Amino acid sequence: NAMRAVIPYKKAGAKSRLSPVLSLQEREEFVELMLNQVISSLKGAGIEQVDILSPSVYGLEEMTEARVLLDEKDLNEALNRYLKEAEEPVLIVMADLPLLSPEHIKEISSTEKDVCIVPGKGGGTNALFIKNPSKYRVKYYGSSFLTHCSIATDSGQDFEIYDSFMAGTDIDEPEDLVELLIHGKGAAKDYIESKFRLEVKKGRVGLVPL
């Protein structure tokens, strides 16, 4: 495996859409827990070259599991620079996917197309396997899943949609913490489970502080 993974990450001020339920301190710990999980899953699928791409060393000073990479530019700028310098296929993976497994990561990066794309909630992109980093450009934010699919083509690459519920579950708002509680394992899940419980009220399942 000549293939690298890079994880965009910023610990400071993380997950402000969780601020109705989680403190600032809670939110940054939670995001640290998720990062450590995605890194540990990437290793477990036998990917040993793991990069973190961050605009500061904050919460990354003692990190040894993956190379910390500093880059203060915005996401798309930073990732396109990285893709430029890449010389072996690249898996761009978000840090907020605590339901993502070694198995998912294997099947994604075993695509037979040039690009494998995992969608997130709301038209985002949770995971991007790119075989030709010199041929590809990315554009996160907004309607990125579809914009990555037409960047793939517009650039003479073919692409796979990886159809996964678990991989598709990015944690961004309080309601996504119900998914985590129902479906996850690990310190990220345990952390959330130490502060909330699930309760049925509307014939429906809701999060409630413990």
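Each residue number is its position in the shown sequence, starting from 1.
Across the two stretches, 123-131 and 71-79, the PDB entry reports the greater mean Cα temperature factor for 71-79. Once the C-alpha B-factors are averaged per stretch, 163-171 and 49-57 rank with 49-57 first. Annotation for 32, 26, 154, 179: 154 ranks highest, by Cα B-factor. Taking the PDB entry at face value, the top CA B factor among 6, 208, 205, 2 belongs to 2. In this PDB entry, the Cα temperature factor of residue 89 sits in the top third of its chain's modelled residues, the highest group. Ranked within its chain, residue 96 lands in the lowest third, by CA B factor from the PDB record. In the deposited entry, the Cα temperature factor of residue 144 sits in the bottom third of values across the chain's modelled residues. When the modelled residues of the chain are ordered by C-alpha B-factor, residue 195 sits in the middle third.
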